[PDB]
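Shown here is one chain on its own, the form deposited in one PDB entry, set out as structure tokens.
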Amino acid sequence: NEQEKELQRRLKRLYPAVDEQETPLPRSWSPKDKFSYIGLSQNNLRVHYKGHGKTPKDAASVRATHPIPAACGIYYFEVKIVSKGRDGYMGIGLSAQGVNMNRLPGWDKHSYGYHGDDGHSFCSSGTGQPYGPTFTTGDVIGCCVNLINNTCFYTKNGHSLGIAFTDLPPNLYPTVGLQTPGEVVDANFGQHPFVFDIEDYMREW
């Protein structure tokens, strides 16, 4: 078992008020809390699509092991697109517990998503809205939840896109969703420095 001193260090530096004893920080994807078409690797940081991929009914999401602790104040995580696979039907965001995993983040109630194929944002519905630019292989996509003013914004390659959602519900799980064969994404939950200057943004708070 790796000690992961760097991860722990960053976690303590970013979220010093969080006592993992009561609200543990999400450190990886959940092998239980996912859809069967999703396969995990790299200590559950890498997500692989391995299903049919015929229609939207083949969409598969994964949640983190734990929901974002309120004590974070502000929370951040990043996803590196290892491969867009076929169509790059990839969603990054947040979903409440027990939200259906047979879809992409944002489609269901209490689910929120930024998709790579169209750059759209999905605030609790199958219908999306023009939010940012499309992303694919090579790109890093970030997701920042402000637990103080109840807002969320994404980042692309170190650069903030706008606020995407306001008035978010509590106890949200970082989620990633795939749908096309060949799609592969890596999460950064604090293991590595982030591309976006998260600490600068936090300093305004």
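So that there is no doubt, residue numbering starts at 1 and follows the sequence shown. For clarity, a rigid core is taken as the largest C-alpha set superposing within 1.5 Å between two forms.
Once the C-alpha B-factors are averaged per stretch, 120-128 and 70-78 rank with 120-128 first.
Of the two stretches examined, 108-116 and 95-103, the record assigns the greater average C-alpha temperature factor to 95-103. Within the listed group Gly51, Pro174, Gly142, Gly177, the record reports its top CA B-factor for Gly51. For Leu45, the recorded CA B-factor ranks within the middle third of the chain. Only modelled residues enter the ranking. Placement of the Cα temperature factor of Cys152 within the chain: lowest third of the modelled residues, per the deposited record. Looking at the C-alpha B-factors along this chain, the one for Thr55 belongs to the highest third. Compared with the other modelled residues of the chain, the Cα B-factor recorded for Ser36 ranks in the highest third.
FYI, the form deposited with a partner chain bound isn't displayed, but the following is about it.
Proximity to the partner chain in the deposited complex, defined as a heavy atom within 4.5 Å, singles out one entry of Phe77, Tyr131, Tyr89, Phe135, which is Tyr89.
Just one listed stretch, out of 54-62, 167-175, 143-151, 28-36, contacts the partner chain in the deposited complex at the 4.5 Å heavy atom level, and that stretch is 54-62. Contact between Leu94 and the partner chain in the deposited complex is not found at the 4.5 Å heavy atom cutoff. Not displayed here, the partner chain is kept clear of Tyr112 by more than 4.5 Å at the level of heavy atoms in the deposited complex. The partner chain in the deposited complex is approached by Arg103, whose closest heavy atom lies within 4.5 angstroms of it. Interface membership of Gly126, defined by any non-hydrogen atom within 4.5 Å of the partner chain in the deposited complex, is confirmed. Core-based superposition between the shown form and the other one leaves all of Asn157, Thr166, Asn43, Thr55 but one with CA shifts under 2 Å; the exception is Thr55.
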